[PDB]
Every structure is written in C-alpha cells, then in structure tokens.
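> Pasting in a structure now, in structure tokens, and then I'll have a few things to ask.
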Amino acid sequence: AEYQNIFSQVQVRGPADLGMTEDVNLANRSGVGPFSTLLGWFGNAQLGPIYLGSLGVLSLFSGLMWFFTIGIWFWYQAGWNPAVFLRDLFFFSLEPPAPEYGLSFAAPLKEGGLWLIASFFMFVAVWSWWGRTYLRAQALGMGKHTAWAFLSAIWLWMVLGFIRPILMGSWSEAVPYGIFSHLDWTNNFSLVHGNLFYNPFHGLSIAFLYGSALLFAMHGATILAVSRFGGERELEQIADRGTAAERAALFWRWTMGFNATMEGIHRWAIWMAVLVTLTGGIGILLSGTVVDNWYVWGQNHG
Amino acid sequence: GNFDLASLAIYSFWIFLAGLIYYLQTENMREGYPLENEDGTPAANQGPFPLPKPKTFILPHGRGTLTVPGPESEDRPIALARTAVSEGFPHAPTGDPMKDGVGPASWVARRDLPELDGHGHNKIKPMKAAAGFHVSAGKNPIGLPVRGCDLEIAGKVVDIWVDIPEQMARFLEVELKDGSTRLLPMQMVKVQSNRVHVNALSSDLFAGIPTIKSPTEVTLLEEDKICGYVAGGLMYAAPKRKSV
Amino acid sequence: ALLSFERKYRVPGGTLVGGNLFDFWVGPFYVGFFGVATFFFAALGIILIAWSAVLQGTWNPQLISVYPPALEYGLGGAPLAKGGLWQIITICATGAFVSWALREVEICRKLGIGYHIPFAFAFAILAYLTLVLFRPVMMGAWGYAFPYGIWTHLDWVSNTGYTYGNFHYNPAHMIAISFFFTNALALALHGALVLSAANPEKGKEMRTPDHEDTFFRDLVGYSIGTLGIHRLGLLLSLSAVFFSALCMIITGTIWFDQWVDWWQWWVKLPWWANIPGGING
Ligand code: BCL
Ligand code: BCL
Ligand code: BCL
Ligand SMILES: CC[C@H]1c2cc3[nH]c4c(c3C)C(=O)[C@H](C(=O)OC)c4c3nc(cc4[nH]c(cc(n2)[C@@H]1C)c(C(C)=O)c4C)[C@@H](C)[C@@H]3CCC(=O)OC/C=C(\C)CCC[C@H](C)CCC[C@H](C)CCCC(C)C
Ligand SMILES: CC[C@H]1c2cc3[nH]c4c(c3C)C(=O)[C@H](C(=O)OC)c4c3nc(cc4[nH]c(cc(n2)[C@@H]1C)c(C(C)=O)c4C)[C@@H](C)[C@@H]3CCC(=O)OC/C=C(\C)CCC[C@H](C)CCC[C@H](C)CCCC(C)C
Ligand SMILES: CCCCCCCCCCCCCCCC(=O)OC[C@H](COP(=O)(O)OCC[N+](C)(C)C)OC(=O)CCCC[C@H](Br)[C@@H](Br)CCCCCCCCCCC
Ligand SMILES: CCCCCCCCCCCC[N+](C)(C)[O-]
Ligand SMILES: CCCCCCCCCCCC[N+](C)(C)[O-]
C-alpha cells in the first residue's frame, strides 16, 4: 500500500512559531497555546497565538451576549430544569415579534424584544468580525480577498435577517433562533413562495454549493496527488512553476481538455464558493418583495 | 423578461457569469501558452480566449520578479523523439528516461536557490541544523534501513529534512553504501517499525537519485530533480518491482 | 497542440488495458482504452436519450425526460417506451462514469502522480449509484430512482423529500448539509488566503506561507497549514457526499416514517421522558 498523505507518518516539532510581524501591533497578540499531537496528524499541531485588539474584544463579547440572550430564553422555556433543557434543546425557539409590531421596537421582551436584542448583538459581532478580517490582512500587507469573500456570506445573512424583513415592513419575516424552528422557517419559506426550486437564483446557488464540493474535491485531491513534488507549496509554485504544477495542469488537460494554473485555480475556487451566497441572497431578497410565487413567475418568464 | 426586476436580475447574472468565466479562463493562461506544436513552434489554433495582459509578482528577499504571460521556454534538453508520422502519439525516450528526466521522471528548471521563509532563512533544513526541532509523534525513521521494491536494502536513514515554518517532515536523508547521501521525498516512503520501504525505486537505482551540491540546503531545482526521479520509478523500475 | 511544457510528459506507458493500442491523444485529451470505453458508453447513452425524446414527442432539453420503470415492474425489465430505455441508459451512465474514473487512473500512471482524484471521483459515482441502483434494489423497484430530466429530477427530489415530511429532520442529512456548507466555507477561505498572499497590497512583495499562518492565527487562533487545508477540503467534500449517500440509503429502507418523529427516541429516554415543563411536557 502506497502512503497516501492524508495523515502524517512522523510529526516534528520546534520552537513555537510566533508568526510574522510586518505592521501588526504585537502588544495585542497572546502567547502560543498548547500543541496538539492529535491535530498534528492532520494539520498543524500548534494552537495560538491569537490577536485580540479592541475590535476583537468587542466582537467576542457581542457574540457571547448573543449566545447569552438565546440561552437565557432556552433555560426559561425549559422551566430552569437541566433535564428538560437537554431533552428539548432542539425544540426551543427565540421568535421575532408578531406581524402587528411591524418594524417597531415596542414588543414585550417575552414576545419579540429578546429576539431584537439577540439580533442586535449578532449584528455587532459579525460586522466587527468582518472589520477584523480586513484589518488583520492590512497589518500583514496582504490582499483583502478574505474580507471580500466573507462579505458574500454576510450578504445572505443580512438579507435573511435584516434587509428583507425591512423591505417587507416587519421583523416577523426574520428567522427565529432555534435548531428545529429555523429548519421549519426555511421549509415554510419555500412553500409560501411557490417552491424555491422554481427560483432561478436558488438553482444557481445549488450549482455553486455542489460545484464547491466538486471543486475542492478536485483541487485538494490534485494537490495531494502532487504532494510528492512539493505541490502544496503553492505560493512558490506560483512564483516559479515546478513539475508539481505541470503534472497537475496536465492531469486535467488530458482528462477534460483544459486546465488551470497554481494561482488561477484559487480564482475559480474563491468564485465558486462566493457565488453560493451571492446568488442565494439575491434569490431570497427578491422573494415576497418582487415575486410572491416562483412557480407563477416561472410560467411568465421562461 | 423584463419590465420585472427578477427577470432583469437573472438576465444580468448570466451576462456577468459569462464575463467571469472568460476572465477566469484567461487568468488561467498565464502559464503554458501560447500552445505549441510537438516541434515546439507556435500552434495555429490558440482557442477563442486571448492571452491576458501580463502581471508582475514582486518576489521577496531581492529575488526579483515574475512577469506572466511571458516567453515560454523549457531551458533544458528533452531526450524524447516521435514514434509516429502524425500528431497525437507518445514520444519515446531516446536514452534512459530516469537519467534524462523525461516522462514521469520529469523535472522543471526551477531556480537553483532554496525556498526561503518569511525571514529570508532556508525553508527546509536537515533537522540536525534546525535549532529546537525534534520528532514529536510517530515512529522516528532516523536509523532505519531503507528497502527498495526489489526487497533489498539500499541504505540507512541519517536525518529528516524539515520545513521549519510549517513544522513538517519533507525528506529523509539516506546514506548509501559508499557513504554519500540522497534525499527521498517523505510522501514516497512508508515508515515501518523496522524499516523504511520505498516502493518507487529498487535498491540499484538509489545511486542515481540527483545529488544536492551543498549538504545543508536543497535548491528548488534539486527538489524537482529528486522528486521527479523518485516518481519516475513507479513506471521505470516496474520490471524490478517484486509482487507484494 | 501542447502546453509549452507538455511534450516531456507525453511518453508511452501507464495504460491498464491494451498495451499501446490506445496510448495516444486527440488534441488535449488522453484516450486510452477507457477513453474508447467512455466514448462508447456516453455515445450510446446520448442516442438512447435522443430516441426517448422521440417517443416522448419533444426535443426541448428543459422538457426531455427519461423516467424509470413504474413500480409495478419491480426489479425486472420494462419495454423501451415505458422504462426500458431508462434502464439501459443507467447502465451506459455507470459504464461512462467508471470508465472515466479508470481513464483518470491511466492518466495518473503516465504522469507518476497519486490516485487521489479518481478515488475522490468514485464518491460521486457511489452517490449516483445509491440513488439509481442500491436504494431502488433495496426498496424492490427501479421506479424509486430519479428520472433523467432537468426539471423532472427536481420534482423527484421534492416528492421524495415530502414523502417523509420535512426532510430537514433526517439526521444524516443534517450532517451532509453541514459538510457541504463547511466545505464551501473552507473553499472561500482557502482561495482568498492564497490570493491574498499572491496578490498583496499595491507595490509590495508577494507574501509567504508564513504570512498565511500568521493571518489565520491572528484571526482565529489557529492555522491548519498548507498541507492541512487541502486535506481538509478533500475530507469536507467527500464527507458531504458520503453522508448524502448514507441519508438516502436509509430512507425508504430502515426508516420510512416521518423524519421529525425519529427524534422522539431522545425525548422519550426514561430519565427525562416524564419531567413536566419544556416544549415536550
Ligand atoms: C444531487 C441530488 C439530486 C439532485 C438535486 C438537484 C437540485 C436540488 C438542483 C440540481 C441542479 C442540477 N443538477 Mg441535479 N441532482 C441529482 C443528480 C444529478 C446528476 C446525476 C447524473 O446524478 C446530474 C448530472 C445532475 C445535474 C444537475 C444540473 C442540471 C443542475 C446543476 C448542477 C450542478 O451544477 O452541479 C455541480 C456541477 C458542476 C458546476 C459541473 C457542471 C455540471 C453540468 C451543469 C451538468 C450538466 C448536466 C446535463 C444537463 C445532463 C445531461 C448530460 C448530457 C446528456 C451529456 N444532477 C440528484 C438526483 N440537482 C440544480 C438545477 O438548477 O436544476 C435545474 C438544482 O437546483
Ligand atoms: C424545503 C426547503 C426548501 C429550501 C429552502 C431554502 C431557503 C429558505 C433558503 C435556501 C437556501 C439554499 N438552499 Mg434550499 N431549499 C430546498 C431544497 C434544497 C436542496 C435540495 C437537494 O433539495 C439543496 C441542495 C438546497 C441548497 C441551498 C443552498 C445552495 C442555499 C444556501 C447556501 C449556503 O451556504 O447557506 C448557508 C450560509 C449562510 C446561512 C450564511 C451565514 C453567514 C453568517 C455571517 C454566519 C454567522 C455565524 C454566527 C456568528 C455563529 C457562528 C458561531 C461559530 C462557532 C463561531 N436547497 C427546499 C426547496 N433554501 C438559502 C438561499 O440562498 O436560497 C436562495 C435560503 O435562504
Ligand atoms: C423538498 C426537498 C427536501 C430535500 C430532499 C432531498 C432528497 C430527496 C435528496 C436530498 C439530497 C441532498 N440534499 Mg436535501 N432536501 C431539502 C433541503 C435541503 C437543503 C436546504 C438548505 O434546505 C440542503 C442544503 C440540502 C442538501 C442536500 C445534500 C446533502 C444532498 C445533495 C447532494 C448530493 O447528494 O450529492 C451527491 C452527488 C451526485 C449524485 C452527483 C453525481 C455526479 C455523477 C457521478 C457525474 C455525472 C456526469 C454528468 C452526467 C456529465 C455531464 C457532461 C459534462 C458536464 C460535459 N437539502 C428539502 C427539505 N435532499 C440528496 C442525496 O443525499 O442524494 C444522495 C437526495 O437524494
Ligand atoms: C461565501 C459562502 C460561505 C462562507 C464564507 C465565509 N465565512 C466566513 C468567512 C468567509 C469567507 C470569513 O472570513 C469568516 C471567518 O472568520 O472564517 C474563519 C467567516 C465566518 N463564517 C462563520 C460561520 C458560518 N459560515 C457559514 C456559511 C458560509 N460562509 C458560506 C457557505 C455558516 C453556515 C450557516 O453555513 C456558518 C455558521 C464564522 C465561523 C466566521 C464569522 C465569525 C463571526 O462573525 O463571529 C462573530 C461571533 C462571535 C465572535 C462569537 C464567538 C463565540 C466563541 C465560540 C466564544 C469563544 C470564547 C470562549 C468560549 C470564552 C472566553 C471567555 C470566557 C471568560 C467566557
Ligand atoms: C465526491 C465529491 C464531489 C465530486 C467530485 C468529483 N466529480 C468529478 C471528479 C471528482 C473528484 C472528477 O475527477 C470528474 C471530472 O472530470 O471533473 C471535471 C468528476 C465529474 N463530476 C461531474 C459532474 C458532477 N459532479 C457532481 C458532484 C460531485 N463531484 C460531488 C459533490 C455533480 C452534482 C450534481 O452535484 C455533478 C453534475 C462531471 C463534470 C465529471 C465527470 C464526467 C464524466 O463522467 O464524463 C463521462 C460521462 C459523460 C461525458 C456523459 C455520460 C452520458 C450518459 C451516458 C447519459 C446521461 C445520464 C445521466 C444520469 C443523466 C442526468 C440528467 C440530469 C438532468 C439529472
Ligand atoms: C472564525 C472565528 C470563529 C468564531 C470566532 C472565534 C474564534 C476564536 C475564538 C477565540 C477564543 C480565544 C480564547 C481567549 C484568548 C486567550 O486568552 O488565550 C490565552 C492563551 C494563553 O496566552 P496568554 O493568555 O498568556 O497571552 C496573553 C498576552 N500576553 C502574553 C502578551 C500577556 O493563548 C491561547 O491559548 C490562544 C489559543 C486560542 C486558540 C483558539 Br480557541 C483556536 Br484553537 C480556535 C480554533 C477555531 C477555528 C476557527 C473556526 C473557523 C471555521 C471556518 C474556517 C476557519
Ligand atoms: C463551470 C464551467 C467551466 C467551463 C469552463 C470552460 C473553459 C473552456 C476552456 C477551453 C480553452 C482551452 N484552450 C484552447 C485555451 O486551451
Ligand atoms: C442496474 C440498472 C438497470 C438494470 C436493468 C436490468 C434490465 C435490462 C433492461 C432491458 C429492458 C428491455 N427489455 C425489452 C429487454 O426488457
């Protein structure tokens, strides 16, 4: 049996890598955390350090408050009983205000107010985390592709929770905080909009979600297949093409008649992924604002 | 369509996706193109996508730049010759494909310098010269005899060459019968409790693994020759590969 | 035509069947025995579909649909007009996909690379085979497979789902969804990371993989590393498909009631089954 390079055979360790400095404020980095021989079979063993400036502290804190707020509601739904809390965990739901309250903040806590509070905290957690993705790139002199890519995921979430509810005229159109309750919401959303399978944007979203699995299976398999020539060292293969990059192109050329480059495969990649949520968010935004029924729309537009 | 916003959006999306695919395909032609005939001259049919405008990567540590697309050239002789009077057939090695580095023994004429890390230090070092590095988990190979696919011992492991910044094992340095050493890609060995087995090469082929000119570093060019050569043995040592 | 660097790799050898009989290219494409097998199966496949179109009375590809044999047929054969064509087209499909996987293996051998691609691909084939072969076999009729049509197969997905209530409640399906969304997350991140190093702020030098670890460590406190991430993407996406295969192979066979009701096993565990309050008491 050939070694497949899915797991490492021998792990080596050296002094904690404290990382590159460039323009990063070092006062805000922790020390390294522990090393995990367990992780080390598959990826890097080193945990930490992490950078925690003021925007990070804000984002975590806010994210925790969002989790506090849902959790307190759940515990309350459970009658403060840990048996019941564990039993019914997936059935608990923090639900937005009723249609009657429109876009107001006038709803009681047990009946909308807590949902707004939670959504408030989440909004602060995500956007400041967004800013963190930009600002950490900037400090290292790197491109902003990550922040741009994260923005496409933020898009779908913003549409679901904020933009579309606002355009529809009420918070009751937003998604409840609950495991089962949010699955029910999604099903109901499709039923009530004439079946999302007839939304061309939903179809496109599926093409990209499936395509992302196709693409990363292709790519990760390809790089591992050429790891015996240093294939995973992609930046240097970009700078100075090696036989790893040439065998990888030629596998694909010979199979399907065209191929990528070591840099270019990363552009196919970033786009295949990002278009999941770009098209997805368009599909949802248009639903109930402009198209009440995708079956109906489908019959008049192709 | 089209006095309807959803129709305008979906029509617009298709136009955008066509432009995006065009852009992505042209970005992917920064290497290898223009397409060539088998004699190395420019092919007549380049396809319907044109070459993009060049971009320039500024390389770190005074290593200069790479501008692509630019003039493609192998910068090395290719010991192969045609086996047919028309296009599309294999090209037969004219000598020993492992020595000549063709076929799955192929190597590229990368820089003859080592890959540098973030601080300008050699990325890959023998663990003996790598301050603080040690095996942390797994069977330690240093000391194990190395077996080829002819079931014969070709030598002994004398070090692991490690990637410092990624804290990973990249080669085993293997001492041959004459006292010189070679590097074997870690991806091409099987560390076993009492040996390291190398399926790709029979014992007699170890001498011919391309050597490194300085014993404490390996250049990008040298990695390519070593990795090429070892991979090439799957095909070219097949007659010496006893069934397993 | 060839890529500038291609000629050196177009050597004889690596074929699994036929020696040198099919060891050649057509333009960019390697042929091999499995190239000829793939062409044969695809071509017969497409011709049978085209003929099924004729029997349906359409040539529109948003309308052309090849349905399997009705459930009354069981696991026997059906007339060509009435399920037979579907059955032969499925055999051609399977022959094409497997032939394509084996052609990929021949290409790997010629190039001296690992076999990870065709191995990955075999998970897709298995997912396909679950839906058209294993699951229908285990449910006792080809009628349970999906029809081959652009929209008709979407109807099959919806009708099949709603047979078990909201299909969201399939727990293997929740895992599969999770791997799909996580895989798309890893794909965005990986592409963006490498491009952010390869394409730094204007005027600056390309960054290094050390910059890529630093970025991720600064950001979330961990970097999986460049070998890591390719291992991850392969695991995430193959896991997504494995759980997909799993979530359907069990539906209609070991579980066939409403998926929401499956979760009752947990709720009714005796230590909390009867404790009042909560949603379920
Ligand atoms: C996987 C679970 C369900 C299913 C659920 C869904 C849902 C839900 C959706 C699709 C959608 C699609 N599915 Mg389906 N689909 C299934 C099985 C398949 C099979 C198969 C042989 O097993 C095929 C070929 C397809 C093909 C397709 C495409 C028509 C469409 C876009 C997919 C895509 O981009 O994927 C990722 C792959 C790529 C990006 C690579 C390119 C693939 C191209 C587009 C495939 C062309 C197929 C061609 C039209 C089929 C005929 C072949 C010819 C005769 C040669 N599906 C099973 C039954 N599929 C979407 C749609 O828009 O439907 C109208 C959609 O919303
Ligand atoms: C019965 C159910 C309906 C249906 C109803 C819906 C609805 C409703 C929606 C989708 C949407 C989607 N559906 Mg559908 N869908 C159905 C049938 C299908 C089928 C199928 C095989 O049958 C498939 C494959 C899909 C697939 C898809 C996806 C392509 C798409 C979601 C993309 C994504 O990445 O979202 C996941 C990504 C996000 C949600 C982005 C989140 C980003 C934020 C910023 C993350 C914050 C995290 C927070 C801080 C907590 C983190 C804690 C951490 C531990 C730190 N659907 C049927 C027809 N579907 C979505 C869409 O775009 O539709 C057009 C959508 O809204
Ligand atoms: C009303 C509908 C139900 C529902 C009912 C179902 C049903 C029913 C099924 C799924 C399946 C899936 N659903 Mg569900 N699902 C729903 C809601 C969702 C949502 C959502 C956000 O709400 C999501 C994200 C998903 C997600 C998923 C995936 C986990 C899985 C689909 C991928 C797959 O199987 O790939 C596997 C990939 C393949 C089969 C592709 C095979 C490709 C072959 C090998 C290659 C073909 C080559 C081609 C012909 C070449 C063409 C020529 C060239 C292009 C030139 N579902 C709703 C609640 N879902 C499916 C599943 O698990 O299937 C196993 C399934 O059957
Ligand atoms: C483009 C399409 C896809 C995509 C892309 C994408 N997502 C992204 C990005 C990108 C490019 C990021 O850069 C960003 C990221 O950081 O990734 C690492 C992100 C992100 N995608 C995320 C999730 C996510 N993405 C999803 C989807 C997708 N993301 C799409 C498939 C999904 C779903 C639903 O499918 C989820 C759940 C987050 C991991 C991350 C954004 C993080 C964020 O906004 O966080 C704010 C919330 C918090 C900070 C709360 C933190 C809570 C901690 C668990 C607490 C830890 C502290 C400790 C417990 C206590 C310490 C103190 C004690 C005293 C208490
Ligand atoms: C396992 C993880 C994921 C994955 C991986 C994957 N797919 C792969 C590979 C890998 C690793 C390849 O190497 C191979 C490839 O070459 O990609 C370019 C492939 C491939 N994945 C493909 C498609 C594909 N993959 C998908 C999914 C996935 N692929 C997973 C999510 C999907 C869907 C629906 O999600 C599709 C549509 C092809 C591009 C390619 C395989 C090409 C191939 O087999 O070609 C030979 C066959 C033909 C040329 C035509 C056959 C014609 C038939 C005889 C008739 C048609 C019958 C068919 C059943 C009708 C379907 C009608 C639909 C409307 C339902
Ligand atoms: C993508 C984000 C996911 C959600 C956002 C949150 C993810 C990060 C969570 C942060 C949790 C960190 C915990 C608090 C930080 C901390 O105090 O760590 C302390 C310790 C000790 O150091 P000191 O406290 O001594 O340093 C003090 C400073 N000096 C020395 C200068 C005085 O340091 C550490 O342990 C840092 C290790 C943090 C490791 C974090 Br929890 C890693 Br393992 C989380 C990995 C999660 C992966 C992210 C999910 C991403 C999903 C998609 C792809 C990424
Ligand atoms: C998801 C669809 C992806 C298909 C991309 C189509 C690209 C075809 C490229 C053909 C060009 C090959 N050529 C002649 C430039 O070498
Ligand atoms: C395994 C997938 C399909 C298996 C199909 C088995 C039956 C063969 C199809 C032939 C049907 C036509 N006829 C007239 C011969 O019955």
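> Of all residues being among the hydroxyl-bearing types (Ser, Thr, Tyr) and not in a loop (DSSP other than H, G, I, E, B) in region B:216-244, which is farthest from the other protein chains (Cβ to nearest Cβ)? Just the residue, please.
Filtering region B:216-244 for residues that are among the hydroxyl-bearing types (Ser, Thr, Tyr) and not in a loop (DSSP other than H, G, I, E, B), the one farthest from the other protein chains (Cβ to nearest Cβ) comes out as B:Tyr229.
> Of the residues that make up region A:208-230, is at least one free of Cβ contacts under 8 Å to residues at least 60 places away in the same chain, more than 16 Å from ligand 4 (Cβ to nearest atom), in contact with a strand residue (DSSP E or B) (Cβ under 9 Å, 6 or more places away or on another chain) and not in a helix (DSSP H, G or I)?
So far as region A:208-230 goes, yes, one or more of its residues are free of Cβ contacts under 8 Å to residues at least 60 places away in the same chain, more than 16 Å from ligand 4 (Cβ to nearest atom), in contact with a strand residue (DSSP E or B) (Cβ under 9 Å, 6 or more places away or on another chain) and not in a helix (DSSP H, G or I).
> Something else: Would you list the helices (runs of 4 or more DSSP H) that sit entirely within region A:1-109 and hold 1 or more residues that are away from every other protein chain (no Cβ under 13 Å), under 24 Å from the mean Cα position of the chain (by Cα) and hydrophobic (A, V, I, L, M, F, W, C)?
It comes to A:54-77.
> Something else: Which ones in region B:112-142 are out of contact with any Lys or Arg (no Cβ under 7 Å at 6 or more places or on another chain) and surrounded by fewer than 17 Cβ atoms within 10 Å (Cβ to Cβ)?
Within region B:112-142, B:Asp112, B:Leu113, B:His119, B:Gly120, B:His121, B:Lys128, B:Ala129, B:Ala131, B:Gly132, B:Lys139, B:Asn140, B:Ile142 qualify.
> Would you mind finding the one in B:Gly208, B:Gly179, B:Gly155, B:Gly143 that is more than 13 Å from chain A (Cβ to nearest Cβ), in contact (Cβ under 8 Å) with a residue 12 or more places away in the chain and assigned to a loop (DSSP other than H, G, I, E, B)?
Matching residue, one of B:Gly208, B:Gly179, B:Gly155, B:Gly143: B:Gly208.
> Take A:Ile163 and tell me if it is aliphatic (A, V, I, L, M) and closer than 30 Å to A:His301 by Cα.
yes
> Right, something else. Of all residues being within 16 Å of ligand 8 (Cβ to nearest atom) and in contact (Cβ under 8 Å) with a residue 12 or more places away in the chain in region C:1-59, which is surrounded by the most Cβ atoms within 10 Å (Cβ to Cβ)? Just the residue, please.
Taking the candidates together, the pick is C:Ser52.
> Go through (1) within 7 Å of chain A (Cβ to nearest Cβ); (2) under 26 Å from A:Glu22 (Cβ atoms); (3) surrounded by 18 or more Cβ atoms within 10 Å (Cβ to Cβ) for C:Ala184 and report which single condition fails.
C:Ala184 satisfies all of (1) within 7 Å of chain A (Cβ to nearest Cβ); (2) under 26 Å from A:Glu22 (Cβ atoms); (3) surrounded by 18 or more Cβ atoms within 10 Å (Cβ to Cβ) except (2).
> OK, next. Test each condition in (1) in a helix (DSSP H, G or I); (2) touching a residue at least 12 places away in the same chain (Cβ under 8 Å) for C:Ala78 and report the one that comes out false.
Exception for C:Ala78: condition (1).
> I would also like to ask the following. Mind listing whichever residues of region C:230-273 are part of a loop (DSSP other than H, G, I, E, B), within 10 Å of chain A (Cβ to nearest Cβ) and not aliphatic (A, V, I, L, M)?
C:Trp263, C:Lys268, listed by residue number.
> Within region C:132-148, track down each residue that is within 12 Å of ligand 5 (Cβ to nearest atom) and more than 14 Å from chain A (Cβ to nearest Cβ).
Answer for region C:132-148, where residues must be within 12 Å of ligand 5 (Cβ to nearest atom) and more than 14 Å from chain A (Cβ to nearest Cβ): C:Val132, C:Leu133, C:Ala145, C:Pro147, C:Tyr148.
> So is A:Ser181 under 30 Å from B:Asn28 (Cα atoms), more than 10 Å from ligand 1 (Cβ to nearest atom) and in contact (Cβ under 8 Å) with a residue 40 or more places away in the chain or not?
It is false that A:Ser181 is under 30 Å from B:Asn28 (Cα atoms), more than 10 Å from ligand 1 (Cβ to nearest atom) and in contact (Cβ under 8 Å) with a residue 40 or more places away in the chain.
> Would you please name the residue that is surrounded by the fewest Cβ atoms within 10 Å (Cβ to Cβ), looking only at residues in region A:231-244 that are in a helix (DSSP H, G or I) and not charged (D, E, K, R)?
Restricting to residues being in a helix (DSSP H, G or I) and not charged (D, E, K, R), the top hit is A:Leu235.
> Looking only at helices (runs of 4 or more DSSP H) that fall completely inside region C:111-188, which ones have 1 or more residues that are small (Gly, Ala, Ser) and without any contact (Cβ under 8 Å) to a residue 60 or more places away in the chain?
The helices (runs of 4 or more DSSP H) meeting that bar are C:116-129, C:152-162.
> Then there's this: In this structure, does A:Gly194 turn out to be in the same structural domain as A:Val290 (by CATH), surrounded by fewer than 23 Cβ atoms within 10 Å (Cβ to Cβ) and either out of contact with any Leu (no Cβ under 7 Å at 6 or more places or on another chain) or free of Cβ contacts under 8 Å to residues at least 24 places away in the same chain (or both)?
It is true that A:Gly194 is in the same structural domain as A:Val290 (by CATH), surrounded by fewer than 23 Cβ atoms within 10 Å (Cβ to Cβ) and either out of contact with any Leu (no Cβ under 7 Å at 6 or more places or on another chain) or free of Cβ contacts under 8 Å to residues at least 24 places away in the same chain (or both).
For (1) under 22 Å from C:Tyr30 (Cβ atoms); (2) more than 8 Å from every other protein chain (Cβ to nearest Cβ); (3) touching a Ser or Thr at 6+ places or on another chain (Cβ under 8 Å), each residue gets a yes or a no:
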{"site": "B:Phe57", "(1), (2), (3)": "no, no, yes"}
{"site": "B:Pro71", "(1), (2), (3)": "no, yes, no"}
{"site": "B:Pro77", "(1), (2), (3)": "no, yes, no"}
{"site": "B:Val85", "(1), (2), (3)": "yes, yes, no"}
{"site": "B:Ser106", "(1), (2), (3)": "yes, no, yes"}
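> Filter region B:152-190 for residues that are over 22 Å from the mean Cα position of the chain (by Cα) and among the charged types (D, E, K, R) and give the result.
B:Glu152, B:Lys156, B:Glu175, B:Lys177, B:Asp178
> Quick test of your reading of the structure: A:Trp294 fulfils all but one of (1) buried (at least 23 other Cβ atoms within 10 Å of the Cβ); (2) aromatic (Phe, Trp, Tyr); (3) within 10 Å of chain C (Cβ to nearest Cβ). Name the failing condition by number.
(3) is the only condition that A:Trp294 fails.
All Cβ positions, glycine included, derive from the backbone under ideal geometry; neighbour counts span all protein chains shown. What is reported rests on the model, the rules as stated and the sources as named; no laboratory read-out is quoted.
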